[PDB]
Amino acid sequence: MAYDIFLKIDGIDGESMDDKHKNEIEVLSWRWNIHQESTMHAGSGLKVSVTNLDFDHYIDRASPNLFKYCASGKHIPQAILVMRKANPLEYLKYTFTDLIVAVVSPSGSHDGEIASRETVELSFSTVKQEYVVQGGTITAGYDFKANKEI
């Protein structure tokens, strides 16, 4: 509807026809969070921690390869998530690195909404976000493997 969301995954093309994001994945919705690590005791393997990136898309050209990477555990160097108002300025960008496909969850319905869609979880060890005020860019990033800003 009113917002376009694109996900560019190294080695995992999507289907988008957009001029700026051709063959990226068109994303229906997405979420992730950073939070205090209070679950695990202090000596545990296993300070702050991050969830996976959870996103939804229509089942599309990326789906068999998301499945394949999930079953094999193959490492993904980077992925770029961009969101813009459908004025095209992509005001929001997350650049993730060192990802694994942790969950692939397809589903379908005879009903028009729902259709054939697929929830996906990607773990990532680093994230960097860029916001463009409308203007100038605010940026911040962190590496959760090294526990360091980037």
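When you see a residue number, it is the position in the sequence shown, counting from 1.
Engineer: How many missing residues of the deposited sequence lie between residue 40 and residue 41 in the entry, grouped as none, 1 to 3, 4 to 9, or 10 or more?
Structural biologist: None; the chain is continuous from residue 40 to residue 41.
Engineer: So residue 34 and residue 35 are neighbours in the shown sequence, but is anything from the deposited sequence left out between them? Give the count as none, 1 to 3, 4 to 9, or 10 or more.
Structural biologist: In the deposited sequence, nothing is left without coordinates between these two.
Engineer: Could you settle it for me: does 60-68 or 106-114 have the higher average Cα B factor in the PDB entry?
Structural biologist: Per the deposited B-factors, the answer is 106-114.
Engineer: Between 7-15 and 135-143, name whichever shows the higher mean Cα B factor according to the PDB entry.
Structural biologist: Stretch with the greater average CA B-factor: 135-143.
Engineer: Which one, 101, 92, 86, 27, has the peak C-alpha temperature factor per the PDB entry?
Structural biologist: Within the set 101, 92, 86, 27, 86 shows the top C-alpha B-factor.
Engineer: Name the third of the chain's ranked CA B-factors that contains residue 51, choosing lowest, middle or highest.
Structural biologist: Residue 51: CA B-factor falls in the lowest third of its chain.
Engineer: Classify residue 97 as lowest, middle or highest third according to the C-alpha B-factor given in the PDB entry, relative to its own chain.
Structural biologist: Answer is middle: the recorded C-alpha B-factor places it there.
Engineer: Please rank the C-alpha B-factors of the chain's modelled residues and tell me whether residue 119 sits in the lowest, middle or highest third.
Structural biologist: CA B-factor rank for residue 119: lowest third.
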